[PDB]
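Colleague: Residue numbers (the authors' numbering): 1112 to 1148, 1173 to 1581.
C-beta atoms are modelled at their ideal positions from N, C-alpha and C, and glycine is treated no differently.
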């Protein structure tokens, strides 16, 4: 079985990978080497080699080219690929998936040769049972990405020749999702690439772009290095710079994921033709709103968006309602708004049409809109840790977890925690030494 958990994930979150240590130690290492102009990790090795040739006046050429760094291992470095493996990417991909009119998704990766997301995006969507994915990889040059062709084959991916500098080919046409990974890919310029992509994107589609922000320590570090290839150097900008850049190409920032060191994962949606929305209370206990929605949904001609907003009861299950209705005829028009605080102390935001919050959420046009203790987000599915839980206990027995496998003998908690000492016949005893008879071996061996 596929085991998953259902937790509230905010659209905007910062300091994603703070809890991680290895990343923190890596950042400490990197900054020191940068200071005044040591590990197996690739980026520390690159910095150490760059400084090794000279303590001052290093030649951009020599630091640009060096053995063990010519390979595209920069994405393999944890610092550059922190969020990618972190649960933020799953949240962003699921967000893109849910707000899709149909059950089919068309996603195109730009600069896949160095982005290498093609090895990660297809596998992450295995849980979804009814989802069909049309994945394809487009790069500036054919020879690029010539490696891993078998890896591409094992996943439903197809080739491409797009260089984001040029207009997007008709063969891609309009795609549901555009995934970039600009951090390791070399974008010639932000503006032109964003224009070409947003042109390539269907109405209401999504654009997942990963970039290393400037103004943060690692940002400055990468700015100093990677200077020889300006295209890579151009990719680094400021968070305000990126946000201002989007507006120029008419792209709305649905979600943001900012790491503790500077790396950020962006999700954007191409705006859709505005229309006057229908508002329908869903809080009545009498369930008298079923008729109202029934009439609103039934009309085939009507194409307006319909919003089911609950603001009184935090326990309203409007989320499940919209999840089911979206698969019924005419369900493509449903969109939810739910205010479920778990703490009475926190307030409840106003949602009147005049109120700013309703205007912002309407601009987002997201299907799911849940408020919880000062944050707008939606519930998501995450795989839980595979490891089995353990606790410190004083009563435990030796059990063969998988029958017939001596490699699976491990301690398990015992029922002897719930016992009575009063009964003379019970006589609970502490075990100092226990023996093994031939019967035990026969049993464990199966």
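Among the candidates 1535, 1507 and 1462, whose CA atom is the shortest distance from the CA of residue 1581?
Modeller: Nearest C-alpha to residue 1581: 1535.
Colleague: Inspect the beta-carbon positions of residue 1333 and residue 1299 and report whether they are closer than 8 Å.
Modeller: Not closer than 8 Å, so no.
Colleague: Identify every run of the beta strand (DSSP E) within the region 1317-1367, keeping only runs that are complete inside it and at least 3 residues long; order them along the chain.
Modeller: Complete beta strand (DSSP E) runs here, min 3: 1336-1347.
Colleague: Tell me, please, whether the region 1121-1135 touches the region 1322-1331 by the rule of three or more beta-carbon pairs shorter than 8 Å.
Modeller: No: fewer than three Cβ pairs fall under 8 Å.
Colleague: Could you give the distance in angstroms between the alpha-carbon of residue 1146 and the alpha-carbon of residue 1194?
Modeller: So the alpha carbons of these two residues sit roughly 18 Å apart.
Colleague: Whole angstroms is fine: what's the gap from residue 1303's alpha carbon to residue 1201's?
Modeller: Taking the straight line joining both Cα atoms gives about 34 Å.
Colleague: Buried or exposed, going by whether 16 or more other CB atoms sit within 10 Å of the CB of residue 1176?
Modeller: The residue in question, residue 1176, is buried, as its Cβ has 16 or more Cβ neighbours within 10 Å.
Colleague: Apply the 10 Å Cβ neighbour rule to residue 1143 and answer buried if 16 or more other Cβ atoms are within range, or exposed otherwise.
Modeller: Residue 1143 should be labelled exposed.
Colleague: Assign residue 1470 to one of three DSSP states: helix, strand, or coil.
Modeller: Strand, per DSSP.
Colleague: Counting pairs of beta carbons, one from the region 1304-1317 and one from the region 1376-1390, are three or more of them closer than 8 Å?
Modeller: No, because fewer than three Cβ pairs between the region 1304-1317 and the region 1376-1390 fall closer than 8 Å, the two stretches do not touch.
Colleague: Quick check on this structure: which residue in 1466, 1469 and 1507 has the alpha carbon closest to the alpha carbon of residue 1483?
Modeller: The shortest Cα separation from residue 1483 among 1466, 1469 and 1507 belongs to 1507.
Colleague: Looking at the unbroken alpha helix (DSSP H) that takes in residue 1187, where does it start and where does it end?
Modeller: 1177-1188 is the span of the alpha helix (DSSP H), which, as asked, contains residue 1187.
Colleague: Rounded to a whole number of angstroms, what is the C-alpha to C-alpha distance between residue 1207 and residue 1501?
Modeller: In a straight line, the C-alpha of residue 1207 is about 36 Å away from that of residue 1501.
Colleague: Going by alpha carbons, who is nearest to residue 1339 out of 1387, 1399, 1401 and 1407?
Modeller: The shortest Cα separation from residue 1339 among 1387, 1399, 1401 and 1407 belongs to 1407.
Colleague: For residue 1471 and residue 1561, I'd like the C-alpha separation in whole angstroms.
Modeller: Rounded to whole angstroms, residue 1471 to residue 1561 spans 59 Å at the Cα level.
Colleague: Can you name, in chain order, every residue of its own chain whose Cβ lies under 8 Å from the Cβ of residue 1301, other than the five neighbours on each side?
Modeller: The answer, listed in chain order, is 1331.
Colleague: Do you know whose CA, among 1449, 1499, 1494 and 1519, lies nearest residue 1481's CA?
Modeller: Comparing Cα positions, the closest option is 1449.
Colleague: Check the DSSP bridge columns for residue 1113 and list the partner residues they point to.
Modeller: Bridge partners of residue 1113: none, in fact.
Colleague: Per the contact definition of three or more C-beta pairs closer than 8 Å, is the region 1223-1235 in contact with the region 1389-1407?
Modeller: Touching, yes.
Colleague: Mind checking whether residue 1346 and residue 1328 have CB atoms under 8 Å apart?
Modeller: No. Outside cutoff.
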